[PDB]
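Student: Numbering-wise, the sequence shown is residues 26 to 57, 59 to 238, 240 to 252, 254 to 290 according to the entry's author numbering.
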Amino acid sequence: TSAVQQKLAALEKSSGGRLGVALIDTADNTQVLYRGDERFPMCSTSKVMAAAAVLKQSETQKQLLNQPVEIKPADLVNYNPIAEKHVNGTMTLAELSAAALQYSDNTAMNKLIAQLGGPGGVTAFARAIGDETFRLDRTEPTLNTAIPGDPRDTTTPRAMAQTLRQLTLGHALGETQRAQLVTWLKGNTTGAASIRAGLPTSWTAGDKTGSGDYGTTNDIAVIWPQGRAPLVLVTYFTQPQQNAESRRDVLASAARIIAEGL
Ligand SMILES: O=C1c2ccccc2C(=O)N1CCc1nnn[nH]1
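What follows is the structure, encoded as C-alpha cells:
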C-alpha cells in the first residue's frame with residue numbers, strides 16, 4: 026500500500042461510497059491503482075468505446091463519418107440535448123459521435139451502438155483491442171441502472187485506463203482516427219467539475235464523464252501536464269443507495285491526490 030493509496034482510502038471513507046482509480050503515467054508507464063480490479067458501472071464513460079469502434083470502422087470506409095442516420099421521435103431517450111434538435115431528420119455518424127462524447131447525448135449513443143450491431147458489438151471491439159474486461163450489455167438508458175454487484179455494463183479502472191491509453195496515445199486506431207478521438211475528448215463540455223477540477227489549471231486534458240443510479244459518478248481522462257509526458261486517469265465512484273446524489277467533487281479530490289503525488 027502506497028501513500029497515494031492511503032490518501033485515496035481516506036477520501037473514500039469520508040465519501041460514504043466506493044471509489045476506483047487507475048492512473049497510467051506514460052513518463053515511465055507506472056500505475057497507481060485503487061480498487062483497480064473491482065468492477066464499476068461505466069455509465070456514459072462507455073461512449074468512448076462506442077465512438078472508438080465507429081472510428082475503427084471508418085478506417086476501411088473513408089466516408090463512414092458522413093453517413094446519415096435517421097432520428098425519429100420514438101428514438102429519444104432520457105438525455106438528448108443534441109438529438110432532440112434533429113428529430114424527423116438525420117445526423118451523420120460524426121455528428122452522433124461528437125454529440126455522444128462532448129454532450130453525453132444518450133440518443134446519440136444508441137445510434138452508435140446500433141451501427142456496431144448492438145451492445146455486444148461494442149464489447150467485440152473492446153476484445154479486438156485487447157480489453158478482456160469491458161462489457162456492454164444494454165442500450166441507453168438502462169445501461170445506467172448501476173445496481174451494486176450487477177456485472178452488466180461494467181469494467182475495472184485498470185482495464186479502462188489501459189484501453190483509453192491505447193485509443194488516445196497508442197496504436198489501437200489509425201493516426202487520423204486517434205487524432206479525431208483526442209479532438210473530441212478535448213472539446214468535452216461536461217468535465218470541468220470532475221477530474222479536471224483537481225488538476226493544475228496550466229495542464230490540458232480531454233475527458234468523458236458518466237453518471238447513473241446509485242449516485243454513480245465517473246470520469247475518464249487523458250491529461251497533458254505542464255512539462256510532463258501524458259497521463260491517463262480513470263475515476264469511478266458509486267454509492268449504496270439508489271437515489272444518491274452525484275459527487276463530482278469526489279472525482280476532483282481523487283485527481284488532486286494523484287496530481288500531488290507525481
Ligand atoms: O446528465 C445526465 C442525467 C441527469 C439526470 C438523469 C439522467 C441523466 C443522464 O443520463 N445524463 C447524461 C449522462 C451523463 N454524462 N455525464 N454524467 N451523466
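Note that CB positions come from ideal geometry on N, CA and C, so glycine has one too.
Look at the Cβ atom of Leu-169, then the Cβ atom of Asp-157, and state whether they are nearer than 7 Å.
Tutor: For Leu-169 and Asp-157, no; Cβs fall outside 7 Å.
Student: Output yes or no for whether 7 Å exceeds the beta carbon distance between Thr-243 and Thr-266.
Tutor: In contact: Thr-243 and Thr-266 (Cβ atoms closer than 7 Å).
Student: Using a threshold of 6 Å, is the CB atom of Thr-116 nearer than that to any non-hydrogen atom of ligand 1?
Tutor: Result no, Cβ not under 6 Å from ligand 1.
Student: So does the segment 212 to 232 actually touch the segment 173 to 189, counting three or more Cβ pairs closer than 8 Å?
Tutor: With a cut-off of 8 Å, the segment 173 to 189 and the segment 212 to 232 do not count as touching, because too few Cβ pairs lie within range.
Student: List the endpoints of the continuous alpha helix (DSSP H) containing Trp-210.
Tutor: Where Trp-210 is concerned, the enclosing alpha helix (DSSP H) stretches over 201 to 212.
Student: If the criterion is Cβ atoms closer than 7 Å, does the pair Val-249 and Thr-194 meet it?
Tutor: For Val-249 and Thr-194, yes; Cβs fall inside 7 Å.
Student: Does DSSP put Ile-108 in a helix, in a strand, or in coil?
Tutor: It is coil, neither helix nor strand.
Student: Under a Cβ-count criterion, where at least 16 other Cβ atoms within 10 Å of its own Cβ denotes burial, should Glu-110 be classed as buried or exposed?
Tutor: Exposed.
Student: Tell me, to the nearest whole angstrom, how far the beta carbon of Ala-134 is from that of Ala-126; I am working on the premise that it is less than 8 Å.
Tutor: The Cβ separation is near 4 Å, so the contact holds.
Student: So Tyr-60 is in the beta strand (DSSP E); what residue range does that whole segment cover?
Tutor: It spans 55 to 60 - the beta strand (DSSP E) in which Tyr-60 sits, taken as one unbroken run.
Student: When the distance is taken between beta carbons, is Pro-67 closer than 7 Å to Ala-172?
Tutor: The answer is yes: Cβ separation under 7 Å.
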